[PDB]
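Neighbour counts run over all protein chains shown; Cβ positions are idealised from the backbone, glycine included. Basis: the model, the stated rules and, where named, an outside source; no laboratory instrument gave them.
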Amino acid sequence: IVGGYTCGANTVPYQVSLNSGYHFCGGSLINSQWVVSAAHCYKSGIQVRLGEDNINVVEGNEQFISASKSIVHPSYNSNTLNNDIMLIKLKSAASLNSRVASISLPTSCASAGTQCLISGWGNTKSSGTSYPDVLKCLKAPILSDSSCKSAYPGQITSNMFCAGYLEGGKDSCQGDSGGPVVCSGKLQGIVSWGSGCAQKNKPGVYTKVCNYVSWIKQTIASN
Amino acid sequence: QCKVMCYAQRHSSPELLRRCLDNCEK
Ligand SMILES: [Ca+2]
(Lines give C-alpha, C1' and ligand atoms only; values in the text may rest on other atoms or scores of the structure.)
Protein backbone atom coordinates (compact mmCIF):
# COMPACT_ATOMS: atom_id res chain seq x y z
CA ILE A 1 0.00 0.00 0.00
CA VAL A 2 1.49 3.35 -1.07
CA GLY A 3 0.41 6.57 0.67
CA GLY A 4 -1.51 4.68 3.38
CA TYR A 5 -1.26 4.41 7.16
CA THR A 6 -0.55 1.76 9.77
CA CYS A 7 -3.92 0.04 10.37
CA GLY A 8 -3.19 -1.04 13.96
CA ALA A 9 -3.16 -4.67 15.10
CA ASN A 10 -6.32 -6.60 14.09
CA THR A 11 -8.32 -3.51 13.11
CA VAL A 12 -8.85 -5.38 9.76
CA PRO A 13 -9.65 -8.75 11.29
CA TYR A 14 -10.60 -10.51 8.01
CA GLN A 15 -7.25 -9.69 6.37
CA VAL A 16 -4.91 -12.68 5.77
CA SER A 17 -1.36 -13.05 4.55
CA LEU A 18 -0.62 -15.87 2.05
CA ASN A 19 2.87 -17.18 2.78
CA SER A 20 4.80 -19.59 0.51
CA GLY A 21 8.45 -18.92 1.25
CA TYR A 22 7.61 -15.32 2.29
CA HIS A 23 4.49 -13.16 2.24
CA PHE A 24 3.45 -12.74 -1.42
CA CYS A 25 -0.31 -12.04 -1.52
CA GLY A 26 -3.19 -11.06 0.74
CA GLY A 27 -6.68 -12.59 1.03
CA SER A 28 -9.91 -12.07 2.94
CA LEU A 29 -11.53 -14.57 5.31
CA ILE A 30 -15.11 -15.16 4.29
CA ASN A 31 -15.93 -17.90 6.78
CA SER A 32 -14.00 -19.96 9.32
CA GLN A 33 -12.67 -22.32 6.56
CA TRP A 34 -12.45 -20.23 3.38
CA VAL A 35 -10.41 -17.33 2.10
CA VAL A 36 -10.92 -15.28 -1.08
CA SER A 37 -7.83 -14.14 -3.01
CA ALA A 38 -6.68 -13.42 -6.57
CA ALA A 39 -6.32 -16.24 -9.13
CA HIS A 40 -2.87 -14.94 -10.10
CA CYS A 41 -1.73 -15.69 -6.54
CA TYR A 42 -2.11 -19.44 -7.14
CA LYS A 43 0.81 -21.56 -6.16
CA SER A 44 1.82 -24.60 -4.29
CA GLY A 45 2.37 -24.83 -0.56
CA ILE A 46 0.30 -21.84 0.55
CA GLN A 47 0.06 -21.25 4.31
CA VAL A 48 -2.67 -18.83 5.41
CA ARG A 49 -1.72 -16.46 8.22
CA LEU A 50 -4.77 -15.07 10.04
CA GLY A 51 -4.78 -12.60 12.92
CA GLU A 52 -1.49 -11.26 11.56
CA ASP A 53 -0.08 -7.77 11.99
CA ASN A 54 3.73 -7.88 12.09
CA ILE A 55 4.64 -10.54 9.52
CA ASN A 56 8.10 -11.07 10.98
CA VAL A 57 7.34 -11.37 14.74
CA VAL A 58 4.88 -13.75 16.43
CA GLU A 59 3.30 -11.71 19.17
CA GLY A 60 -0.26 -12.96 19.76
CA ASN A 61 -3.48 -13.59 17.81
CA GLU A 62 -1.79 -15.21 14.82
CA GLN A 63 -3.20 -18.46 13.43
CA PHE A 64 -1.04 -20.26 10.88
CA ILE A 65 -3.04 -22.80 8.88
CA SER A 66 -2.06 -24.68 5.71
CA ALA A 67 -4.28 -24.37 2.65
CA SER A 68 -5.82 -27.65 1.72
CA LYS A 69 -7.36 -26.59 -1.64
CA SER A 70 -6.94 -23.58 -3.96
CA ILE A 71 -9.78 -23.30 -6.45
CA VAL A 72 -9.14 -20.78 -9.27
CA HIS A 73 -12.21 -19.42 -11.12
CA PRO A 74 -12.77 -21.73 -14.18
CA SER A 75 -12.89 -18.65 -16.46
CA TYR A 76 -9.72 -17.01 -15.13
CA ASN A 77 -7.72 -15.67 -18.08
CA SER A 78 -4.07 -15.17 -17.12
CA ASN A 79 -3.40 -12.98 -20.18
CA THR A 80 -6.05 -10.34 -19.41
CA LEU A 81 -6.65 -11.06 -15.68
CA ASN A 82 -10.37 -11.38 -16.38
CA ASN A 83 -12.07 -13.35 -13.52
CA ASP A 84 -9.02 -12.91 -11.23
CA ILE A 85 -10.51 -14.66 -8.19
CA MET A 86 -9.60 -17.86 -6.25
CA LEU A 87 -11.00 -19.54 -3.13
CA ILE A 88 -8.68 -21.20 -0.65
CA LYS A 89 -9.94 -23.82 1.81
CA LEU A 90 -8.14 -24.11 5.13
CA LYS A 91 -6.95 -27.50 6.34
CA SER A 92 -8.63 -26.75 9.74
CA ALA A 93 -11.22 -24.10 10.66
CA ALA A 94 -9.93 -20.80 12.03
CA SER A 95 -10.99 -19.89 15.49
CA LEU A 96 -13.19 -16.81 15.50
CA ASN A 97 -13.55 -16.48 19.26
CA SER A 98 -10.72 -14.10 18.81
CA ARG A 99 -9.40 -11.05 17.03
CA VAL A 100 -10.08 -12.74 13.63
CA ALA A 101 -13.47 -12.50 11.92
CA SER A 102 -14.97 -12.95 8.45
CA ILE A 103 -16.03 -10.24 5.99
CA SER A 104 -19.52 -10.22 4.47
CA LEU A 105 -20.08 -10.74 0.79
CA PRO A 106 -21.81 -7.92 -1.09
CA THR A 107 -25.56 -7.66 -1.46
CA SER A 108 -25.19 -5.43 -4.58
CA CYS A 109 -22.28 -3.90 -6.54
CA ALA A 110 -20.91 -0.65 -5.09
CA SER A 111 -21.31 2.74 -6.75
CA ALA A 112 -18.73 5.28 -8.01
CA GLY A 113 -17.66 7.64 -5.30
CA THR A 114 -18.11 5.13 -2.48
CA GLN A 115 -15.18 5.19 -0.08
CA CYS A 116 -13.53 1.80 0.64
CA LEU A 117 -10.78 0.40 2.84
CA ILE A 118 -7.90 -1.34 0.98
CA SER A 119 -5.21 -3.08 3.11
CA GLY A 120 -2.10 -5.25 2.73
CA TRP A 121 1.63 -5.84 3.42
CA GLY A 122 2.65 -4.86 -0.12
CA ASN A 123 5.27 -2.35 -1.19
CA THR A 124 4.89 1.12 0.40
CA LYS A 125 7.06 3.02 -2.12
CA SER A 126 5.71 4.62 -5.26
CA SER A 127 9.04 3.75 -6.86
CA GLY A 128 11.76 1.63 -5.41
CA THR A 129 10.64 -1.09 -3.03
CA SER A 130 10.03 -1.30 0.70
CA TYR A 131 7.93 -4.02 2.27
CA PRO A 132 6.46 -3.09 5.67
CA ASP A 133 6.56 -5.22 8.79
CA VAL A 134 3.00 -4.28 9.82
CA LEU A 135 -0.34 -4.13 8.01
CA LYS A 136 -1.05 -0.92 6.03
CA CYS A 137 -4.44 0.64 5.18
CA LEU A 138 -5.75 3.14 2.65
CA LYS A 139 -9.15 4.79 2.18
CA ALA A 140 -9.92 5.14 -1.54
CA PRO A 141 -13.04 5.80 -3.60
CA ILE A 142 -14.45 3.62 -6.35
CA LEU A 143 -13.90 5.43 -9.67
CA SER A 144 -16.41 5.79 -12.53
CA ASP A 145 -16.37 3.21 -15.37
CA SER A 146 -15.47 5.95 -17.85
CA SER A 147 -12.45 7.17 -15.87
CA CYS A 148 -11.35 3.54 -15.36
CA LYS A 149 -11.65 2.81 -19.11
CA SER A 150 -9.83 6.04 -19.93
CA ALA A 151 -6.94 5.05 -17.70
CA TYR A 152 -6.82 1.47 -19.08
CA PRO A 153 -8.13 1.52 -22.67
CA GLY A 154 -9.09 -1.85 -24.05
CA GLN A 155 -8.37 -3.62 -20.74
CA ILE A 156 -11.27 -3.20 -18.34
CA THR A 157 -13.89 -5.93 -18.36
CA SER A 158 -17.26 -6.04 -16.58
CA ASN A 159 -15.49 -8.06 -13.85
CA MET A 160 -13.10 -5.24 -12.90
CA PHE A 161 -13.40 -1.77 -11.37
CA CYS A 162 -10.89 0.99 -10.57
CA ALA A 163 -10.45 2.58 -7.10
CA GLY A 164 -7.96 5.20 -5.98
CA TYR A 165 -6.88 8.61 -7.16
CA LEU A 166 -6.21 9.87 -10.72
CA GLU A 167 -3.71 12.34 -9.18
CA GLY A 168 -1.71 9.24 -8.02
CA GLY A 169 0.18 9.13 -4.68
CA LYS A 170 -2.21 6.65 -2.95
CA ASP A 171 -2.71 3.07 -4.23
CA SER A 172 -2.24 -0.67 -3.57
CA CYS A 173 1.03 -2.18 -4.93
CA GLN A 174 3.00 -5.41 -5.33
CA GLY A 175 2.39 -7.69 -2.31
CA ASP A 176 -1.22 -6.46 -1.91
CA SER A 177 -2.78 -8.75 -4.59
CA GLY A 178 -5.61 -10.91 -3.38
CA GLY A 179 -6.34 -8.65 -0.43
CA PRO A 180 -9.57 -6.71 0.39
CA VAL A 181 -11.40 -3.73 -0.86
CA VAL A 182 -14.18 -3.34 1.67
CA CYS A 183 -16.94 -0.74 1.36
CA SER A 184 -19.35 -0.29 4.27
CA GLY A 185 -18.56 -3.64 5.72
CA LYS A 186 -18.86 -5.64 2.41
CA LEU A 187 -16.10 -7.21 0.40
CA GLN A 188 -16.36 -5.45 -2.99
CA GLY A 189 -12.93 -5.92 -4.51
CA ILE A 190 -9.80 -8.06 -4.64
CA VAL A 191 -6.47 -6.34 -5.27
CA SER A 192 -5.51 -7.44 -8.81
CA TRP A 193 -3.43 -5.15 -10.98
CA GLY A 194 -2.39 -1.67 -12.15
CA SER A 195 0.19 0.13 -14.24
CA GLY A 196 2.96 0.62 -11.71
CA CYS A 197 1.80 1.89 -8.27
CA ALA A 198 0.34 5.26 -7.22
CA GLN A 199 1.01 6.73 -10.68
CA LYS A 200 -0.93 9.58 -12.29
CA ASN A 201 -4.02 8.39 -14.16
CA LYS A 202 -3.20 4.78 -13.24
CA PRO A 203 -5.42 3.72 -10.34
CA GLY A 204 -5.61 0.20 -9.03
CA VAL A 205 -7.81 -2.32 -10.87
CA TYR A 206 -9.76 -4.71 -8.68
CA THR A 207 -11.79 -7.85 -9.26
CA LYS A 208 -15.47 -7.02 -8.98
CA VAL A 209 -16.57 -9.44 -6.20
CA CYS A 210 -20.32 -8.69 -6.54
CA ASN A 211 -20.25 -10.61 -9.85
CA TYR A 212 -19.07 -13.78 -8.10
CA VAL A 213 -21.31 -14.14 -5.03
CA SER A 214 -23.22 -17.15 -6.33
CA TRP A 215 -19.98 -18.85 -7.65
CA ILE A 216 -18.40 -18.32 -4.20
CA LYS A 217 -21.35 -19.69 -2.25
CA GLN A 218 -21.69 -22.70 -4.58
CA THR A 219 -17.98 -23.43 -4.46
CA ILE A 220 -17.96 -23.35 -0.64
CA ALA A 221 -21.04 -25.61 -0.51
CA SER A 222 -19.53 -28.21 -2.86
CA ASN A 223 -15.98 -28.40 -1.45
CA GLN B 1 1.56 -7.08 -23.79
CA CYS B 2 2.40 -10.27 -21.98
CA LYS B 3 5.46 -9.03 -20.08
CA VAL B 4 3.82 -5.72 -19.26
CA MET B 5 0.85 -7.55 -17.64
CA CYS B 6 3.20 -9.85 -15.70
CA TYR B 7 4.59 -6.71 -14.02
CA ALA B 8 1.06 -5.21 -13.65
CA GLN B 9 0.04 -8.08 -11.30
CA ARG B 10 0.22 -7.00 -7.68
CA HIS B 11 1.77 -10.04 -6.05
CA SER B 12 5.29 -9.92 -4.52
CA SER B 13 6.61 -13.42 -5.41
CA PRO B 14 9.76 -13.29 -7.52
CA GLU B 15 9.07 -16.90 -8.55
CA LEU B 16 5.61 -16.09 -9.88
CA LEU B 17 6.91 -13.00 -11.71
CA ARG B 18 9.86 -14.84 -13.32
CA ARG B 19 7.52 -17.74 -14.27
CA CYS B 20 5.09 -15.26 -15.91
CA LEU B 21 7.90 -13.49 -17.83
CA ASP B 22 9.46 -16.73 -19.03
CA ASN B 23 6.11 -18.08 -20.17
CA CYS B 24 5.60 -14.98 -22.31
CA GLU B 25 8.53 -16.18 -24.48
CA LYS B 26 7.05 -19.69 -24.99
CA1 LIG C 1 2.98 -11.45 13.94
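For the structure I just gave you, tell me whether residue A:4 is of a type in the set (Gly, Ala, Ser) and either in the same structural domain as residue A:223 (by CATH) or without any contact (Cβ under 8 Å) to a residue 12 or more places away in the chain (or both).
no
Can you report the number of residues in region A:50-81 which are within 16 Å of the ligand (Cβ to nearest atom) and of a type in the set (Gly, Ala, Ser)?
Residues that pass the stated criteria total 2.
Can you find even one residue in region A:28-44 that is more than 11 Å from the ligand (Cβ to nearest atom), within 11 Å of chain B (Cβ to nearest Cβ), among the aliphatic types (A, V, I, L, M) and under 28 Å from residue B:18 (Cα atoms)?
yes
When the residues of region A:1-27 are filtered to those that are in a loop (DSSP other than H, G, I, E, B) and of a type in the set (A, V, I, L, M, F, W, C), which remaining residue is nearest to the ligand (Cβ to nearest atom)?
So the residue we want is A:9.
What do you reckon, is residue A:26 at positive phi and in contact (Cβ under 8 Å) with a residue 24 or more places away in the chain?
no
Among A:103, A:88, A:71, A:55, which is the only one that is crowded, with 22+ Cβ neighbours inside 10 Å and at negative phi?
A:88
Which is closer than 27 Å to residue A:160 by Cα, in a strand (DSSP E or B), outside the structural domain of residue A:117 (by CATH) and not charged (D, E, K, R), of A:30, A:65?
Being closer than 27 Å to residue A:160 by Cα, in a strand (DSSP E or B), outside the structural domain of residue A:117 (by CATH) and not charged (D, E, K, R) holds for just one of A:30, A:65, which is A:30.
Would you mind stating whether residue A:12 is among the aliphatic types (A, V, I, L, M) and either farther than 30 Å from residue B:24 by Cβ or assigned by CATH to the domain that holds residue A:130 (or both)?
So residue A:12 passes the test.
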